[PDB]
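The block underneath contains the structure these notes are about, expressed in structure tokens.
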Number of protein chains: 2
Amino acid sequence: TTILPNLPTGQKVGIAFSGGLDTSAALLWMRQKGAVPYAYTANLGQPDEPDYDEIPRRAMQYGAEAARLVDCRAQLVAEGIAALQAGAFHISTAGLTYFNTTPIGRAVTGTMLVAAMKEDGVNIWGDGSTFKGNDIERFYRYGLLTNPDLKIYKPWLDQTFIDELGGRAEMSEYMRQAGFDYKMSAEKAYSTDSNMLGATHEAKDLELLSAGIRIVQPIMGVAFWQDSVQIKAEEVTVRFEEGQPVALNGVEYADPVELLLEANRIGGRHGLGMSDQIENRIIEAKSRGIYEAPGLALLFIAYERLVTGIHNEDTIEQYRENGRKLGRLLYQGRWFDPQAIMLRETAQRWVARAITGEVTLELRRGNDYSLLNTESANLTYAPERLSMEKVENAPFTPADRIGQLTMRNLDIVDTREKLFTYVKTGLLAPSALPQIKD
Amino acid sequence: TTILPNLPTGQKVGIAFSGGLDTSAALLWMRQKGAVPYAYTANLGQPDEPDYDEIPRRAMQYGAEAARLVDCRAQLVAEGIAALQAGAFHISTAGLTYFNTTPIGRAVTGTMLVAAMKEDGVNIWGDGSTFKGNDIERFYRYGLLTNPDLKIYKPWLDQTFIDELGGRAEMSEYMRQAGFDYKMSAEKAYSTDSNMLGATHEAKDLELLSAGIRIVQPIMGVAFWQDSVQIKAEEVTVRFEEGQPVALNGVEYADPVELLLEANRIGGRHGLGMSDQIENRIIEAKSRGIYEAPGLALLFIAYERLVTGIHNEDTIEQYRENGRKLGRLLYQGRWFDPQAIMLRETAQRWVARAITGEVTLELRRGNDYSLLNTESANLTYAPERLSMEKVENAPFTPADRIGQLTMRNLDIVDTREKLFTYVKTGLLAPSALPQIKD
Ligand SMILES: Nc1ncnc2c1ncn2[C@@H]1O[C@H](COP(=O)(O)O)[C@@H](O)[C@H]1O
Ligand SMILES: Nc1ncnc2c1ncn2[C@@H]1O[C@H](COP(=O)(O)O)[C@@H](O)[C@H]1O
Ligand SMILES: [Cl-]
Ligand SMILES: [Cl-]
Ligand SMILES: [Cl-]
Ligand SMILES: [Cl-]
Ligand SMILES: [Cl-]
Ligand SMILES: [Cl-]
Ligand SMILES: [Cl-]
Ligand SMILES: [Cl-]
């Protein structure tokens, strides 16, 4: 049994402690009911978190045996850049892409918080991830990959938990009786999960497809869909060296975390990268989200532009196929499985290491931008090599191309004969050419 | 020999007669040198063509034996809608897609103009497509597929042609000496090819990656990248029935050609769909284009949104994989080959026939838009089916999900063991988890 349905009284239980009402009440309750809760807070560079240092302090106030802030920023940005290099994004609508920011965050917090628990002798995680979402499965897999002895306590399996803390009103009351005046956040018409890479908005009013971005207050950028909001055009240059983003606007960043924070600032002024997606959850049911990822979106445009100037068609085709495959694995919580490693490493090496260069863009509102310049010592784009002005340098002659065309004849005849066979066998209608039957 | 290097004196030669200087001078020359030229003009609903009826009249003035206007509008829109249904677009940059509008146009004009030639006993096409582009190969394949006896005259293989009409100045002079005052179009800093589906801008100043959309005067929409240009927000509803676009803004269109003309008007007011691409040509060298396709872009957003609300993950994955594969075939001139038919029909049937519904959008500038509503009797998106409020209707219980998670354990252990094997064999660095070595 991996999933414990009852409070592990007398045992150490690790809590991924965000400091919200759910984890605050749960930690107090676990302590009051006889377990030994340990709090672990991940520093994920959340755009909406103004004071990570205060969270472990509150955990101790609520009865944590010990409370740690685990810095996950560098790992989050490293995994995000790997996802970018491998195009590991499978959710899109007319090309507008979701950058799998929650999946990446979960890969980083599942592994790193469970590792922190393991170094404290904590082999039980009290994980509140719901029975209907994706995160319960992601955390389950990342946790067991990291600690094979891990057990997971699901408080919603525990009737004692549902009976006392069955809701927000009950939780807040529970805290009050213990002498803590929990100050709830202002109610919103949706639910938000965020990290430095991006933010996701879902549930509540966003469950209705008649609602959309118009009801969202963005937390990583501005409300560009409000015509009253003023957004100044801005030019930005993004430089890559061997696939790693290294400079913005001519300023070099030794720290990729600082680079992403600046990329977020730049994209954020425009609302660059926001999208609305209906996606398929792991359990084969659909959900709807509104997404923000301004910095990754900026880096994605630049990276993709350089890929299109540097790589051949087969290479781009494999990159894109692999990316869609990898995105789905990432979403499923399989980012560290062998089949994911294969796809990720392929891109990190043969695709990304050739990506050295700069792209200059003008950002306006939302996903309206213009490309201004593309530079790279590695471009294979080189119109002068196709120049025919001077035959002394021309790469091929008219006669050469004629030869190339002639080689196509036998297979053309074969295709023509197929069309006649397809008419004879009833698949195509008789005829310029036979037509597909509708 | 398919390609004739010398003027077929005494023989009937079909010209795809656009009425520009190249085809005008070529037709006059062919007549003066002893061939029997026939002119065929395709009505492709070009956004920049104000009078198709005048073109065959000029052909007759220049010496055509006969001149026909072949209406290709309905076929162009039908093939465009098929491409949309099958997502047959392989050129993209950060999701911004080129809709393969030139490839589709060539599939329609290659077949239909060669068929028109064949019904007039014309088995020779005087085709000026250059030795360095994609179109020479597309027309070659579509032509031989349509007429197995076709031969193609390449005037640039004919030194007599290069010597007299070796350039625009020489061509215009040639026309003058024959008593025709050819009125040249105003010079542009790039070359444009267009049809009702889209327009492409390339060459000349657009060969430089430091230039871009900022130098283009769009012909299907407005210059949204000019902050001085005023663009009013607009709401639009797009309805599909069984994958066919049937209504815009509550108005039903029996004629798909009329629907696309209206979709172009709507998208055009915003510049919706414009992109900048570096792509790989058939000959494995890169070229750069600026593209317009406002109506298709509008239909693509709506179609894709409905696909994401209706189809399961495996179905969407196959649709997208197939689409990228098909886009490349389309670009290569293989739209009618068996491997293309397979991909196209799959989507036209099992993907597109379930696409009945409406999508409402707000269009602003360029590719900045918002989704406002998505409706369909065929949605599988249905949050109420996931509702747990009433366990009497809940689709699964917390206990059910726990069972599902438990089934993952054996393969998780296998993955963990792989990571240790990968460390032992030197692929991963020792360790939360072992790391990829850079
Ligand atoms: N910054 C964080 N540090 C530690 N745990 C977190 C953090 N953010 C989220 N979690 C855990 O992940 C769960 C789901 O997060 P959310 O979707 O943001 O509610 C929370 O209930 C926590 O247990
Ligand atoms: N509307 C049209 N009707 C007939 N032939 C055309 C038409 N447009 C283009 N073509 C043919 O295709 C060639 C290449 O077109 P373009 O790329 O627009 O110069 C022209 O030189 C013509 O021979
Ligand atoms: Cl996260
Ligand atoms: Cl959920
Ligand atoms: Cl999935
Ligand atoms: Cl460089
Ligand atoms: Cl065309
Ligand atoms: Cl060319
Ligand atoms: Cl290609
Ligand atoms: Cl419907």
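If you're wondering about the labels, chains in the structure tokens are A, B, ... by order shown, residues count from 1 in each chain, ligands from 1 in order shown.
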Residues at most 8 Å from ligand 10, using only C-alpha atoms and all ligand atoms? Could they come as a list in words? residues 241, 356, 357, 358, 375, 376, 377 and 378 of chain B
Take the residues that were just selected and, keeping N, CA, C and O atoms, output them as a tab-separated table (two decimals), in the first residue's frame.
```tsv
chain	number	residue	atom	x	y	z
B	241	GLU	N	-20.28	23.07	-40.00
B	241	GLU	CA	-21.17	21.92	-39.98
B	241	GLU	C	-20.44	20.77	-40.67
B	241	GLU	O	-20.11	20.85	-41.87
B	356	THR	N	-18.84	20.28	-35.83
B	356	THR	CA	-20.05	21.05	-35.97
B	356	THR	C	-20.10	21.94	-34.74
B	356	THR	O	-20.02	21.43	-33.63
B	357	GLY	N	-20.18	23.25	-34.93
B	357	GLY	CA	-20.24	24.15	-33.81
B	357	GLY	C	-19.85	25.55	-34.22
B	357	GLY	O	-19.66	25.85	-35.40
B	358	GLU	N	-19.79	26.43	-33.21
B	358	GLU	CA	-19.52	27.86	-33.41
B	358	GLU	C	-18.41	28.33	-32.48
B	358	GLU	O	-18.31	27.87	-31.33
B	375	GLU	N	-19.13	26.78	-28.82
B	375	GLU	CA	-20.36	26.01	-28.65
B	375	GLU	C	-20.40	24.85	-29.65
B	375	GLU	O	-19.99	25.01	-30.78
B	376	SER	N	-20.90	23.69	-29.21
B	376	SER	CA	-21.04	22.53	-30.09
B	376	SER	C	-21.84	21.45	-29.39
B	376	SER	O	-21.51	21.10	-28.27
B	377	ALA	N	-22.78	20.86	-30.12
B	377	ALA	CA	-23.52	19.70	-29.62
B	377	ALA	C	-22.60	18.47	-29.53
B	377	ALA	O	-22.97	17.46	-28.93
B	378	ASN	N	-21.41	18.57	-30.12
B	378	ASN	CA	-20.49	17.44	-30.15
B	378	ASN	C	-19.34	17.59	-29.14
B	378	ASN	O	-18.46	16.76	-29.12
```
Test item: residues lying within 10 Å of ligand 8 with only C-alpha atoms and all ligand atoms, as a PyMOL selection string: (chain A and resi 386) or (chain B and resi 129-136+191+202-203+281+287)
Apply DSSP to the backbone of this structure and, from range 45-176 of chain B, keep only the residues in alpha helix (DSSP H); write these as a ChimeraX atom specification. /B:54-62,73-85,101-119,135-146,159-164,168-176
One decimal, Å: what's the distance from CA of residue 288 in chain A over to CA of residue 104 in chain A, could you say?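 One can read the CA of residue 288 in chain A to CA of residue 104 in chain A distance as 18.5 Å.
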For each of B:295, B:221, B:87, B:63, take the minimum atom-to-atom distance to chain A, counting only C-alpha atoms, then give the residue where this is smallest.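 Residue with the minimum atom-to-atom distance to chain A: B:87.
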Residues at most 8 Å from ligand 7, using only C-alpha atoms and all ligand atoms? Could they come as a count of residues only? 12
Of B:172, B:332, B:97, B:249, the one nearest to residue 284 in chain B when counting only C-alpha atoms is B:332
Could you list, as a ChimeraX atom specification, every residue within 12 Å of range 428-431 of chain B, counting only C-alpha atoms and ignoring same-chain residues fewer than 5 positions away? /A:111-112,115,146,336,338,341,345 /B:418-423,436-438
At a cut-off of 10 Å and counting only C-alpha atoms and all ligand atoms, what residues surround ligand 9? Please answer as a PyMOL selection string. (chain A and resi 312-314+317) or (chain B and resi 90-91+134+279-286+327-332)
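Between CA of residue 276 in chain B and CA of residue 321 in chain B there is a distance of 22.6 Å.
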Excluding same-chain residues fewer than 6 positions from residue 1 in chain B, what lies within 12 Å of it counting only C-alpha atoms, as a PyMOL selection string? (chain A and resi 402-403+405-407+409) or (chain B and resi 149-153)
Can you work out the spacing between CA of residue 89 in chain A and CA of residue 140 in chain A in Å, to one decimal?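 Separation between CA of residue 89 in chain A and CA of residue 140 in chain A: 21.9 Å.
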Which one is closest to ligand 2: B:14, B:80, B:34, B:128? Count only C-alpha atoms and all ligand atoms.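 Among B:14, B:80, B:34, B:128, it is B:128 that comes nearest to ligand 2.
Residues lying within 10 Å of residue 305 in chain B, counting only C-alpha atoms and ignoring same-chain neighbours fewer than 5 positions away, are residues 92, 93, 94, 276, 277 and 278 of chain A; 299, 300, 310, 355, 357, 358, 359, 371, 373, 374 and 375 of chain B.
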Can you tell me which residues sit at most 7 Å away from ligand 1, counting only C-alpha atoms and all ligand atoms, written as number ranges by chain? A: 15-18, 22-23, 40-44, 127-129, 192-194
Suppose we keep N, CA, C and O atoms; can you now write the selection as an mmCIF file, in the first residue's frame?
```
data_model
loop_
_atom_site.group_PDB
_atom_site.id
_atom_site.type_symbol
_atom_site.label_atom_id
_atom_site.label_comp_id
_atom_site.auth_asym_id
_atom_site.auth_seq_id
_atom_site.Cartn_x
_atom_site.Cartn_y
_atom_site.Cartn_z
ATOM 1 N N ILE A 15 4.792 17.749 4.570
ATOM 2 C CA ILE A 15 3.774 18.530 3.895
ATOM 3 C C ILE A 15 4.466 19.487 2.929
ATOM 4 O O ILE A 15 5.439 20.150 3.299
ATOM 5 N N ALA A 16 3.989 19.494 1.674
ATOM 6 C CA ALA A 16 4.402 20.488 0.709
ATOM 7 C C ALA A 16 3.595 21.730 1.088
ATOM 8 O O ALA A 16 2.379 21.876 0.774
ATOM 9 N N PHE A 17 4.252 22.605 1.837
ATOM 10 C CA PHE A 17 3.565 23.649 2.564
ATOM 11 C C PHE A 17 3.611 24.993 1.841
ATOM 12 O O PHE A 17 4.582 25.726 1.936
ATOM 13 N N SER A 18 2.504 25.315 1.165
ATOM 14 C CA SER A 18 2.381 26.543 0.392
ATOM 15 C C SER A 18 2.025 27.716 1.310
ATOM 16 O O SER A 18 2.248 28.870 0.955
ATOM 17 N N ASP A 22 -5.536 25.514 2.988
ATOM 18 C CA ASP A 22 -5.608 24.054 2.992
ATOM 19 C C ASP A 22 -4.409 23.456 3.751
ATOM 20 O O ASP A 22 -4.592 22.634 4.648
ATOM 21 N N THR A 23 -3.199 23.898 3.411
ATOM 22 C CA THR A 23 -1.988 23.312 4.035
ATOM 23 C C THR A 23 -1.802 23.817 5.471
ATOM 24 O O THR A 23 -1.273 23.071 6.311
ATOM 25 N N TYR A 40 7.736 21.715 4.191
ATOM 26 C CA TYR A 40 8.700 22.000 3.137
ATOM 27 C C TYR A 40 8.053 22.951 2.137
ATOM 28 O O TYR A 40 7.015 22.610 1.553
ATOM 29 N N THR A 41 8.621 24.146 2.004
ATOM 30 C CA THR A 41 8.114 25.155 1.091
ATOM 31 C C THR A 41 9.102 25.289 -0.069
ATOM 32 O O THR A 41 10.307 25.414 0.155
ATOM 33 N N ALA A 42 8.595 25.196 -1.296
ATOM 34 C CA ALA A 42 9.463 25.336 -2.455
ATOM 35 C C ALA A 42 9.501 26.805 -2.884
ATOM 36 O O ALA A 42 8.464 27.418 -3.087
ATOM 37 N N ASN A 43 10.717 27.338 -3.020
ATOM 38 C CA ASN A 43 10.887 28.665 -3.591
ATOM 39 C C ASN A 43 10.886 28.481 -5.102
ATOM 40 O O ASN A 43 11.867 27.999 -5.663
ATOM 41 N N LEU A 44 9.772 28.857 -5.733
ATOM 42 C CA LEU A 44 9.601 28.636 -7.146
ATOM 43 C C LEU A 44 9.551 29.975 -7.881
ATOM 44 O O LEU A 44 9.168 30.018 -9.055
ATOM 45 N N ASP A 127 -0.102 14.581 0.973
ATOM 46 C CA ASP A 127 -0.305 15.291 -0.281
ATOM 47 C C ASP A 127 -1.800 15.425 -0.563
ATOM 48 O O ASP A 127 -2.463 14.427 -0.803
ATOM 49 N N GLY A 128 -2.292 16.669 -0.587
ATOM 50 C CA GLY A 128 -3.723 16.955 -0.787
ATOM 51 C C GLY A 128 -4.176 17.004 -2.245
ATOM 52 O O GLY A 128 -5.345 17.278 -2.501
ATOM 53 N N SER A 129 -3.279 16.744 -3.202
ATOM 54 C CA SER A 129 -3.693 16.777 -4.611
ATOM 55 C C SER A 129 -4.980 15.955 -4.771
ATOM 56 O O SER A 129 -5.071 14.811 -4.295
ATOM 57 N N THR A 192 -5.861 29.650 -9.401
ATOM 58 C CA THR A 192 -4.575 29.933 -10.036
ATOM 59 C C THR A 192 -3.451 29.116 -9.402
ATOM 60 O O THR A 192 -3.408 28.971 -8.158
ATOM 61 N N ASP A 193 -2.571 28.555 -10.247
ATOM 62 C CA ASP A 193 -1.324 27.879 -9.845
ATOM 63 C C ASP A 193 -0.193 28.551 -10.636
ATOM 64 O O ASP A 193 -0.330 28.749 -11.832
ATOM 65 N N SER A 194 0.914 28.889 -9.969
ATOM 66 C CA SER A 194 1.965 29.662 -10.626
ATOM 67 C C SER A 194 3.363 29.276 -10.154
ATOM 68 O O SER A 194 3.559 28.645 -9.119
#
```
Mind checking which residues fall within 9 Å of residue 116 in chain B, counting only C-alpha atoms, ignoring those fewer than 6 positions away in the same chain, and posting them as a short mmCIF file (atom, residue, chain, number, x, y, z; two decimals) with N, CA and C atoms, in the first residue's frame?
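Generated output (selection_10.cif):
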```cif
data_model
loop_
_atom_site.label_atom_id
_atom_site.label_comp_id
_atom_site.auth_asym_id
_atom_site.auth_seq_id
_atom_site.Cartn_x
_atom_site.Cartn_y
_atom_site.Cartn_z
N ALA A 432 -10.39 17.57 -63.59
CA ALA A 432 -9.04 17.32 -64.10
C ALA A 432 -8.55 15.94 -63.65
N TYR B 40 -4.13 30.53 -71.43
CA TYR B 40 -5.05 30.06 -70.40
C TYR B 40 -4.81 30.86 -69.14
N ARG B 68 -8.49 31.54 -73.15
CA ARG B 68 -9.58 31.13 -72.25
C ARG B 68 -9.31 31.60 -70.83
N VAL B 70 -10.21 30.22 -67.30
CA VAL B 70 -10.61 29.01 -66.63
C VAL B 70 -10.93 29.39 -65.18
N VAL B 122 -3.81 20.62 -76.93
CA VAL B 122 -2.52 21.26 -76.63
C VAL B 122 -1.76 20.36 -75.65
#
```
If you run DSSP on the backbone here, which positions in range 30-230 of chain A get strand (DSSP E)? Please write them as a ChimeraX atom specification. /A:36-43,67-71,92-93,96-97,124-126,151-153,191-195,198-202
Contact check, chain B to ligand 4, at most 12 Å, counting only C-alpha atoms and all ligand atoms, closest pairs as CSV:
```
residue,atom,partner,partner_atom_place_in_ligand_line,distance
B:383,CA,ligand 4,1 (Cl),10.7
B:386,CA,ligand 4,1 (Cl),9.6
B:387,CA,ligand 4,1 (Cl),10.5
B:388,CA,ligand 4,1 (Cl),11.0
```
Close residues, range 267-269 of chain B itself excluded, 8 Å, only C-alpha atoms, min 5 positions apart in chain, as an MDAnalysis selection string: chainID B and resid 220:222 231 294:295 297:298 363
